[PDB]
Structure formats: C-alpha cells, structure tokens
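Q: Pasting in a structure now, in structure tokens, and then I'll have a few things to ask.
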There are 10 protein chains.
Amino acid sequence: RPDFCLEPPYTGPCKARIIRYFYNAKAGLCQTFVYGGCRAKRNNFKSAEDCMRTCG
Amino acid sequence: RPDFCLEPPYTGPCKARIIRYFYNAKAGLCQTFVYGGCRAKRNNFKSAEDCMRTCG
Amino acid sequence: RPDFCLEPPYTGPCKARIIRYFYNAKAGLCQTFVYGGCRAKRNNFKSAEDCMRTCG
Amino acid sequence: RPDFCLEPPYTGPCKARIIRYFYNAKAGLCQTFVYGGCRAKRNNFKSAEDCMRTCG
Amino acid sequence: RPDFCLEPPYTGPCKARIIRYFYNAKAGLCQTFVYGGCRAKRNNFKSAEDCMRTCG
Amino acid sequence: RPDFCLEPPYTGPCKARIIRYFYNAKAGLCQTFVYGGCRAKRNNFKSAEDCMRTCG
Amino acid sequence: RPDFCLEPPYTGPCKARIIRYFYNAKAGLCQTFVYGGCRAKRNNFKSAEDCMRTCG
Amino acid sequence: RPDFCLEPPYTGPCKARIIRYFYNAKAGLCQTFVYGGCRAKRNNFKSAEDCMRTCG
Amino acid sequence: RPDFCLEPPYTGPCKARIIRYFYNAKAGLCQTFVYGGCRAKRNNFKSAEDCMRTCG
Amino acid sequence: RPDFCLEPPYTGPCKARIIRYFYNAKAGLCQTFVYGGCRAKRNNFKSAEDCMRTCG
C-alpha cells in the first residue's frame, strides 16, 4: 500500500465539517474523520471505496 | 441480528453533525441520530437500507 | 464479524444493474458487485462504509 | 400503518430500472424493487428511511 | 391521506440542521423545514416525492 | 401557475432513461416520467421540490 | 419567463445554511444563495438545471 | 466565455448513457445531452451550475 | 486554460461552509476550498471533474 | 505517484455502465471511463477528487 496510507488524518485549518475517510493502519480499516475543507493531505478520501482500494 | 445492533447510538467526540441510522431495538426500527464524524461504533449506518437489512 | 459476511454476493433475479458492496472474506476487503434490484441477501451494502464497519 | 403499506410493489409500464423501497408486510421490513419510472402506486418510497417511518 | 399528514413539523431536540419535507395541510403542499437529526415524527420526509405521494 | 405546467411530459429522442418530474394538471400533483436525456421541454423538473413550487 | 424569476432571493427566517439557485435577471444567469430552510419563495431552485430551464 | 463553449456536445464512443450539460451558444443556455462515459470534450459539465458559470 | 483558472479562490461574504474546487496553478491541480454560498467567482467548481477539464 | 496510476483503465467483465475516473499518465489528468461493476483494478476512483490527489 502507498506510504501516505500510514499518515494520521489531517483536518486542516479550515472551518467546514465534512466527513472523509482515512486508512487507519493500526486497525487495518478505513475510518471517518472530520475534514475542514482545505489543505488536505493524501490520506483523505471522499469515497470509502477509493480508500479501501488504494490503501486496503 | 448481530449483537452490535443492541448498542445505543454513539455520537463520538467529533464536532460535525451528520445524520446516521442506528437500530433501535426497543422500537424494532432504525432511526436517525447525529454522528460527530469520528470514532464510530458498529451500530452506525450511513444508509437506512443497510441498517434495516443488517439489524432488522 | 457476522457470519453473512462470508456469503458470496447475490445479484438476484431482477434486471436492474446497481452497484453494491459485499465483504470478500478471501481478500479481506469489501468490493463491488452488480445487484439486480431485488431479493437481496445480507452480504449486500449500499454504502462501502457500512460494509467495512459491519464485516471488516 | 397506512393501508397502502399492504399493497405489493408496482413496477409500472415504464422502461427505466430504478430502485425503490416498498413495505413488505409479511417480512415486516422495507425492501427494494425495480420501479419503471412511471405510474407509481403508494407503496413506493424513494428513501428507505421514509418507508420504514411511514409503514414500519 | 394518513392522519399524521396533519401534524405540524417537529424539529426535535437534536442540533443538526437538515432539510426535510412535511405536508402542510393548510397549503395542501409539502414544504421544507429544519429537522434536528433525531426523534422524528411521522410528518417528516427525506424525499419530497415521498411526501406528496403519501400525503398529497 | 406558469403555462408550461399544462404541457404533457416529453421524453424526447434520446436513449437514456432518467427519472424526472412533471406537473400533472389533471391530478394536480407532480409525478415521475422517464426523460431521454435531451431536448427537454419546460415541464421537466430534476427536483420534485422545484416542480411543486413552480407548478403547484 | 415566469414573473417570479424577477424576484430577488429570499433566505427566509430559518437557521439552516443550504445552497439554492435563483434567477438573477440583471446578470441573466442563475446564481447561488443561502436558503435558511423554510418559508421559501418561488425564485428558489434546488437544482441549477431547473432554474435555467424555468427562468432562463 | 471560453471558446470551447461553442463546441457542440460530444457523446463519445463509449456505451454508458449519462446526462451531462453543455453550453448551447444558439440558445444561450446550458442544456443536457447523453454522454457515453469516455473521451469527453471540454463542453461537457457534470454540474449545471459549473456550466452556466464557465460558459454563461 | 482560461485566464480565470489563475485567480485564487474566493469564499465570498456569505456564511454557508460548502466545499468547492478551484484550480491551483502553482500546484497544477484542482483543490478544495470553502465557499460561502454567494458571490462566486469563476475559479469555483462544484464538481472536481469540471475543474480539471476546464482548467487542467 | 503510486505505480498503479500508470495502469490503463479496466472496465471488467461485468455489465453495469458506471462512470469512474482513472489517471491518464499521458495527459497527466484524471479522466472518465466506463466501469462494469466488478473486478476493479487500482486505477479506478469513484471520486475525481480522490483520483487527482492519489495520482496527480
């Protein structure tokens, strides 16, 4: 799996509260987290399916 | 039905206010609840259909 | 994980061609499959998120 | 529950193949069925949540 | 039309601000209202189409 | 209500089978119909809410 | 074009902050505006496509 | 407006039947057309809003 | 690519917090940003696909 | 960028016709393609945003 899948989720500085998925290496599962709307990092997926396919 | 379908809904520590479904054993129906966006428990479905099929 | 998560995907007799998720025990990942629109079995999730949470 | 919740699903004369929900009295659950796109009857819900709240 | 179609809209105790439809008997039309995310009453439809078919 | 609200539904020459709403003056309700994807007429709403507000 | 298409956008008394479209006669284009979730006026479309077809 | 807004809609070689919007210079409006799923040209918008804002 | 693709994102005076895409010339990629709901500028796409096609 | 981003799109054996995104290394852009509904490969994103972030 790509290296960025090991990064912890990053909400970023913005103020929106949107749900995104991230690969949780420890649990070996994609989980949700609140993304702020800007300055996203690589371990941030709009679609769960894409999360598990890229990082699972 | 799976045992987690008996757990009460868990909003979690996060600050988003997203609607999700959970199986209400007492009512024998899936209902909505506000999910904060992170650290979800098993009795939490994004889709009502999946809720009633897994827990109903 | 619930036992239905071990069932293979069931398209059913109907004619629609809708994408749904199912837990693929051998891959240990949820994947897509075409659902016909009726007579669904338990290993069939409208949302990938619900799939990995219930069966992952 | 309203009386229409006891009607069996009606696909209708049209040619589209859209998924809709209907209350299956015998199962006491809302399930999917393929709607043709026209001449819908009362036991036909676009949203699973609405189905179980109206008929459940 | 079902009797619940006469109830006025109920936002409920929750804090989310989601748009839902309700049948406005006086106007004989479904209209929107802000649903809080929990403890919904019968006159609350996620889909406008469902509102007008059930109550219209 | 606008005059186009009295026009009957027009599927058009195209081949897609998309659900749209149209105001059925006779029934005094918006209903669904299968739109072909092109050459739409005025009595064609992507949103049921818009149909009933514009023509209802 | 219907006369309501000339009305300026009405947010309404409610507290939700949903995006809707309205026909901006002066720009001769549909644009976005924040709808509060209740007490909507006619120049308020959930779908941009509906706005331009009804008012454009 | 960008020059591509003057191009006529291109369905492409693929077989899907998805609705998209294109700017119709003659009508000075964005309209729908059936996109095949591949080899899209510039005058092809997934969102009506983006169509009218880029080309309108 | 159109010149507006070089403009930095504009959130606008409104108070909604919706995610939109804008072309970031320096990164040569479309990214997200929080849009207020009104007074949008051209480098603002509701769909990421439209973003990269128009500006990429 | 991950290696899978260099793979060409794979429709697969299934019969559904759903649009997905893939990274087109030659064009240095994500584009659409028709996915069959099953047996997906890694260069297949349900969301354009995820595509450009993972592969762009």
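By convention in this document, the chains of the structure tokens carry letters A, B, ... by their order, each chain's residues are numbered from 1, and ligands are numbered from 1 in the order they are shown.
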Could you give me the residues within chain G that DSSP places in helix (DSSP H, G or I), as a ChimeraX atom specification?
A: /G:3-6,48-55
Q: Since we have the selection now, will you write its residues out, keeping N, CA, C and O atoms, as a short mmCIF file (atom, residue, chain, number, x, y, z; two decimals), in the first residue's frame?
A:
```
data_model
loop_
_atom_site.label_atom_id
_atom_site.label_comp_id
_atom_site.auth_asym_id
_atom_site.auth_seq_id
_atom_site.Cartn_x
_atom_site.Cartn_y
_atom_site.Cartn_z
N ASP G 3 -42.91 35.41 -14.03
CA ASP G 3 -42.63 36.64 -13.34
C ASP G 3 -41.82 36.48 -12.06
O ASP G 3 -41.00 37.34 -11.74
N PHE G 4 -42.00 35.37 -11.34
CA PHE G 4 -41.27 35.17 -10.08
C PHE G 4 -39.76 35.17 -10.30
O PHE G 4 -38.98 35.43 -9.38
N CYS G 5 -39.35 34.91 -11.53
CA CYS G 5 -37.94 34.87 -11.88
C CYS G 5 -37.28 36.23 -11.69
O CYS G 5 -36.06 36.37 -11.81
N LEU G 6 -38.10 37.26 -11.49
CA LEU G 6 -37.57 38.61 -11.31
C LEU G 6 -37.43 38.96 -9.83
O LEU G 6 -36.84 39.99 -9.48
N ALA G 48 -29.80 23.50 -10.28
CA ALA G 48 -29.44 24.59 -11.15
C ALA G 48 -30.10 24.38 -12.50
O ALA G 48 -30.59 25.32 -13.10
N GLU G 49 -30.16 23.14 -12.97
CA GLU G 49 -30.78 22.83 -14.25
C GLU G 49 -32.23 23.34 -14.31
O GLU G 49 -32.65 23.89 -15.33
N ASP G 50 -32.98 23.13 -13.25
CA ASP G 50 -34.37 23.57 -13.19
C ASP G 50 -34.47 25.08 -13.26
O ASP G 50 -35.36 25.65 -13.89
N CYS G 51 -33.54 25.75 -12.58
CA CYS G 51 -33.55 27.20 -12.56
C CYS G 51 -33.41 27.77 -13.97
O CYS G 51 -34.25 28.53 -14.42
N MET G 52 -32.37 27.37 -14.69
CA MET G 52 -32.17 27.88 -16.04
C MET G 52 -33.23 27.48 -17.04
O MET G 52 -33.43 28.17 -18.02
N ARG G 53 -33.89 26.36 -16.81
CA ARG G 53 -34.93 25.93 -17.75
C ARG G 53 -36.23 26.66 -17.46
O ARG G 53 -36.96 27.02 -18.37
N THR G 54 -36.50 26.93 -16.19
CA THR G 54 -37.72 27.63 -15.81
C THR G 54 -37.63 29.14 -16.03
O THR G 54 -38.60 29.77 -16.46
N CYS G 55 -36.47 29.71 -15.70
CA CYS G 55 -36.23 31.14 -15.80
C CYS G 55 -35.30 31.63 -16.89
O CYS G 55 -35.29 32.81 -17.20
#
```
Q: Show me which bits of chain C are within 12 Å of chain J, counting only C-alpha atoms, as a list in words.
A: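 Residues passing the distance filter: residues 9, 11, 15, 16, 17, 18, 19, 20, 21, 22, 24, 30, 31, 32, 33, 34, 35, 36 and 48 of chain C.
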Q: Could you dump the residues just selected with C-alpha atoms as a PDB file, in the first residue's frame?
A:
```pdb
ATOM      1  CA  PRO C   9     -22.531 -11.840  -3.451  1.00  0.00           C
ATOM      2  CA  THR C  11     -27.211 -10.438  -7.825  1.00  0.00           C
ATOM      3  CA  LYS C  15     -32.889  -6.779 -14.082  1.00  0.00           C
ATOM      4  CA  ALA C  16     -31.519  -3.508 -12.760  1.00  0.00           C
ATOM      5  CA  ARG C  17     -27.712  -3.139 -12.711  1.00  0.00           C
ATOM      6  CA  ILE C  18     -26.852  -1.318  -9.477  1.00  0.00           C
ATOM      7  CA  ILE C  19     -23.503  -1.324  -7.780  1.00  0.00           C
ATOM      8  CA  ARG C  20     -23.380  -2.600  -4.215  1.00  0.00           C
ATOM      9  CA  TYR C  21     -20.620  -3.688  -1.871  1.00  0.00           C
ATOM     10  CA  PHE C  22     -20.014  -7.100  -0.380  1.00  0.00           C
ATOM     11  CA  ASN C  24     -14.881 -10.563   0.232  1.00  0.00           C
ATOM     12  CA  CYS C  30     -15.259  -5.009   0.610  1.00  0.00           C
ATOM     13  CA  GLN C  31     -15.647  -4.953  -3.158  1.00  0.00           C
ATOM     14  CA  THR C  32     -18.326  -4.064  -5.666  1.00  0.00           C
ATOM     15  CA  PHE C  33     -20.770  -6.257  -7.484  1.00  0.00           C
ATOM     16  CA  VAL C  34     -23.813  -5.708  -9.612  1.00  0.00           C
ATOM     17  CA  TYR C  35     -27.093  -6.075  -7.737  1.00  0.00           C
ATOM     18  CA  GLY C  36     -30.271  -6.731  -9.739  1.00  0.00           C
ATOM     19  CA  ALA C  48     -18.990   0.964   1.379  1.00  0.00           C
TER      20      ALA C  48
END
```
Q: What gap, in Å, lies between CA of residue 10 (chain D) and CA of residue 41 (chain F)?
A: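 Interatomic distance here is 27.4 Å.
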Q: Quick one: distance from CA of residue 44 (chain F) to CA of residue 1 (chain G) in Å, one decimal?
A: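 CA of residue 44 (chain F) sits 15.0 Å away from CA of residue 1 (chain G).
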Q: Separation of CA of residue 25 (chain I) and CA of residue 27 (chain J), in Å?
A: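 CA of residue 25 (chain I) sits 16.5 Å away from CA of residue 27 (chain J).
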Q: In chain E, what's strand (DSSP E or B) per DSSP? Answer as a VMD selection string?
A: chain E and resid 18 to 24 29 to 35 45
